[PDB]
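Every residue, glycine as well, gets a Cβ built from its backbone with ideal geometry; the counts of neighbours run over all protein chains shown. Read-outs: derived from the displayed coordinates by stated rules, not from any lab.
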DNA sequence: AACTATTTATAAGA
DNA sequence: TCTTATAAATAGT
């Protein structure tokens with residue numbers, strides 16, 4: 001990036017859409033590279049704010065999702081949590 | 001990277017494992033940033049070569065997967081396909 | 001595991 | 001979309 005940007009929701013609609021398209025390609029690209037380099041199985045489902053779907057899966061999506069739903073051990077899972085935060089002085 | 005690397009399976013076991021751990025964090029990180037920045041719902045399931053699971057989901061994994069299985073329109077889908085290559 | 005040069009991604013300005 | 005300068009990730013150590 002020509003500038004550092006904060007990680008909060010982009011407010012400009014068209015900016016949000018461009019950022020979405022490029023970052024999504026980059027993310028599927030990094031997913032592909034992870035799967036190849038480290039010999040692992042990835043499935044990546046993305047729904048844009050308008051509920052349109054975009055997906056990546058190394059092997060085969062329904063294979064990976066089946067394996068998921070049957071997996072019955074504790075495992076590393078991360079998520080998004082919203083925090084209350086005070087801003088800078090300005 | 002201190003070196004450019006080819007995109008093929010890392011042969012050294014321990015190298016593969018370190019690369020896995022760091023790149024996975026980076027990938028979940030970029031996923032989180034995408035979901036926040038562009039207000040979208042992501043689900044990312046990874047099974048390492050030993051069949052151990054690692055996951056990221058912005059909202060809630062079963063929510064996203066339900067939405068997936070019901071989605072009935074054509075959509076952008078990618079996968080990995082193997083190519084023959086000269087050196 | 002941390003730290004650093006080299007690469008890979010990406011945001012602003014066009 | 002493109003260009004470019006800048007920030008962010010990562011491959012070796």
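Points worth noting:
- Residues in the stretch B:34-41 include at least one that is closer than 14 Å to residue A:45 by Cα, under 14 Å from the mean Cα position of the chain (by Cα) and surrounded by 12 or more Cβ atoms within 10 Å (Cβ to Cβ).
- Across the stretch B:1-24, the number of residues qualifying as closer than 23 Å to residue B:81 by Cα and near DNA strand C (Cβ under 8 Å from one of its atoms) comes to 2.
- Among the residues making up the stretch B:11-23, those that are within 9 Å of chain A (Cβ to nearest Cβ) and near DNA strand D (Cβ under 8 Å from one of its atoms) are B:19, B:23.
- Test: residue in the stretch A:46-54 that is under 19 Å from residue B:59 (Cα atoms), part of a helix (DSSP H, G or I) and touching a strand residue (DSSP E or B) at 6+ places or on another chain (Cβ under 7 Å): no
- Within the stretch A:17-34, residues that are touching a residue at least 12 places away in the same chain (Cβ under 8 Å) and closer than 22 Å to residue B:19 by Cβ have Cβ atoms under 7 Å from residues that are near DNA strand D (Cβ under 10 Å from one of its atoms) and part of a helix (DSSP H, G or I) in these pairs: A:27/B:30; A:31/B:27, counting only partners at least 6 apart in sequence or on another chain.
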